[PDB]
Amino acid sequence: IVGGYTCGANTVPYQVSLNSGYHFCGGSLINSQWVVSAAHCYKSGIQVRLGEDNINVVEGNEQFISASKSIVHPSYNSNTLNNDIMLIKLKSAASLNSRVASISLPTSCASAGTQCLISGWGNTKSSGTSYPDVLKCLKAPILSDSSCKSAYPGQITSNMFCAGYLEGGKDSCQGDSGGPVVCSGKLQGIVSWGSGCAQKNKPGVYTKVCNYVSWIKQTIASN
Ligand SMILES: N=C(N)c1ccc(C[C@@H](NC(=O)CNS(=O)(=O)c2ccc3ccccc3c2)C(=O)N2CCCCC2)cc1
Ligand SMILES: [Ca+2]
């Protein structure tokens, strides 16, 4: 997260770290056994780490659970990033409480101007790399479709939305991939792609989760 602030320990209780000997993507806990993340985060050998703040220190409240299966959307296209969403089933149910909790799926899509909270352990620098120990937070508005398509001509599908600041200086970045965009208590987006990080006129692009609620439900019901 570039231009964000330290969230505070466990203040984003649905945030997950995907770990394969190092943090490589974020995710969101949506019930005690299922996590949603991005399809580009797919990897075998994923351990989901819940209740994290400093990802480099055991502090208490962590729960480490292996993934028993990762289900990339059948129509994910790696060239366009259209349908960039994946479901991860946990080997065991997480223990939910104050510090580890699920986030609700949306019942409707959010409008342009809705302010949301984006969080992750990704890069904090626009030019360079600096990964934080603790979880970083950024408040950012959903942009209009016209501004989003003006920023990225021909690259925005109806399963994507832009969120952020056209002036540059505040954005998600490498390492935040798969993480939550929460608006009014609902999971509206998944960190997917962008051109650089926090560049002027190149806002972040997010997977539009409201288009996938039926697929998420049907898929969790059959697995
Ligand atoms: N909000 C941001 N500015 C932001 C958000 C997410 C990221 C991580 C993300 N990386 C990028 O978007 C790199 N910027 S990129 O190189 O300009 C880019 C953008 C879109 C693309 C679409 C399809 C294939 C390749 C693409 C590469 C990533 O890990 N990817 C996995 C590999 C494919 C690209 C996505 C970076 C920045
Ligand atoms: Ca920790």
Side-chain angles (χ1 to χ4, degrees), residues 10 12-53 55-56 58 61-97 99-107 118-122 135 157-160 172 174-182 185-193 205-223:
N10 306 296
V12 185
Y14 49 87
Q15 173 80 238
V16 150
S17 176
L18 299 193
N19 186 280
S20 62
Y22 57 99
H23 164 83
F24 66 91
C25 270
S28 304
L29 187 61
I30 64 171
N31 69 37
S32 57
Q33 218 169 351
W34 288 92
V35 168
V36 61
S37 181
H40 72 251
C41 291
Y42 178 71
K43 185 187 277 219
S44 52
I46 296 178
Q47 179 181 69
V48 175
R49 302 184 160 198
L50 298 299
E52 288 282 14
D53 188 37
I55 51 163
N56 290 306
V58 176
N61 306 306
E62 295 90 351
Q63 288 173 55
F64 295 173
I65 300 178
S66 301
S68 54
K69 61 195 303 182
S70 296
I71 301 178
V72 165
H73 194 276
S75 303
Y76 166 57
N77 179 308
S78 40
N79 291 141
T80 62
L81 295 183
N82 191 34
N83 305 123
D84 188 15
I85 182 171
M86 170 173 77
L87 257 12
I88 296 174
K89 194 183 180 179
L90 307 184
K91 195 167 304 268
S92 322
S95 162
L96 302 195
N97 61 280
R99 293 185 232 74
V100 176
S102 57
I103 187 65
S104 311
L105 293 179
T107 39
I118 306 166
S119 48
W121 291 272
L135 182 66
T157 67
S158 43
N159 297 306
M160 295 176 199
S172 48
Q174 53 204 249
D176 293 317
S177 298
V181 181
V182 173
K186 306 290 166 177
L187 177 70
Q188 292 289 177
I190 298 164
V191 180
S192 181
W193 62 275
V205 189
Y206 301 88
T207 303
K208 198 176 182 182
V209 176
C210 58
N211 291 351
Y212 298 98
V213 178
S214 307
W215 174 80
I216 290 170
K217 284 170 169 176
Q218 291 177 332
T219 303
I220 289 176
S222 48
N223 285 274

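Basis for what follows: all heavy atoms, side chains included, without hydrogens, waters or symmetry-related copies. One-based numbering along the sequence shown.
Here the closest non-hydrogen pair linking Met160 and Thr80 is CE-O, 3.5 Å. Minimum heavy-atom separation, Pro106 to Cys210: CG-CA, 3.9 Å. Minimum heavy-atom separation, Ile88 to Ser70: CG1-OG, 4.0 Å. In terms of heavy-atom proximity, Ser28 sits nearest to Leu187 at OG-CD1, 3.6 Å. Considering all non-hydrogen atoms of both residues, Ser75 and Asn83 come closest at O-OD1, 3.1 Å. Between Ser192 and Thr207 the shortest heavy-atom distance is CB-OG1, 3.7 Å.
For the atom pair CZ (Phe64) and CG (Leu90), the distance works out to 13.5 Å, reported to the nearest 0.5 Å. One distance of note links CG of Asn61 with CG of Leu50; it measures 11.0 Å at 0.5 Å rounding. Residue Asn82 holds its CG atom at 3.5 Å from OG1 of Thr157, rounded to the nearest 0.5 Å. Remark: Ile65 CD1 to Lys91 NZ distance equals 11.0 Å, nearest 0.5 Å.
In this structure the side chain of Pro13 never reaches within 4.5 angstrom of the side chain of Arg99, judged on heavy atoms. With a 4.5 Å cut-off on side-chain heavy atoms, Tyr14 and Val182 count as touching. Inter-residue side-chain proximity for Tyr206 and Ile190 is flagged as unmet; no heavy-atom pair is nearer than 4.5 Å. Looking at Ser102 and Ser32, their side chains never come closer than 4.5 Å, going by heavy atoms from C-beta outward. Between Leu18 and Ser37 the shortest side-chain heavy-atom distance falls below 4.5 Å. Contact check for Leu105 versus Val36: no side-chain heavy atoms found under the 4.5 Å cut-off. Residues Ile220 and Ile30 form a side-chain contact, since some pair of their non-hydrogen atoms from C-beta on lies under 4.5 Å apart. You'll find the side chain of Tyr76 reaches within 4.5 Å of the side chain of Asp84, heavy atoms only.
Residues satisfying the ring pair (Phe, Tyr, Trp, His ring centres under 6.0 Å) criterion with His73, sequence neighbours excluded, are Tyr212, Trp215.
A donor-acceptor pair is defined here as one N or O able to donate and one able to accept, closer than 3.5 Å; such a pair exists between the side chain of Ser222 and the backbone of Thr219. No side-chain donor-acceptor contact under 3.5 Å links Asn159 to the backbone of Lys208. Within the 3.5 Å criterion, the main-chain N or O of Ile46 finds no donor-acceptor partner in the side chain of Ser20. Under a 3.5 Å cut-off, the side chain of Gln63 and the backbone N or O of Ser95 do form a donor-acceptor pair. No donor-acceptor pair closer than 3.5 Å links the side chain of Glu62 to the backbone N or O of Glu52.
The environment of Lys43 atom NZ is dense: over 12 non-hydrogen atoms of other residues, nucleotides or ligands sit within 6.0 angstrom.
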* To do: Evaluate side-chain contact (heavy atoms from CB on, under 4.5 Å) for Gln188 paired with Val209, printing each intermediate quantity in order.
  => CA-CA 5 Å; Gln188 292 289 177; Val209 176; 5.8 Å; no
Between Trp121 and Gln15, does the side-chain contact (heavy atoms from CB on, under 4.5 Å) criterion hold? Intermediate values first, please. CA-CA 10 Å; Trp121 291 272; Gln15 173 80 238; 3.6 Å; yes
- Is there a side-chain contact (heavy atoms from CB on, under 4.5 Å) between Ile118 and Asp176 once you walk through the steps? CA-CA 9 Å; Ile118 306 166; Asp176 293 317; 5.9 Å; no
For the pair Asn223 and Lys89, evaluate side chain to side chain donor-acceptor pair (under 3.5 Å) and give the outcome as yes or no after the intermediate values. CA-CA 9 Å; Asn223 285 274; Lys89 194 183 180 179; over 6 Å; no
side-chain contact (heavy atoms from CB on, under 4.5 Å) assessment of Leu81 paired with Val205: CA-CA 10 Å; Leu81 295 183; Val205 189; over 6 Å; no
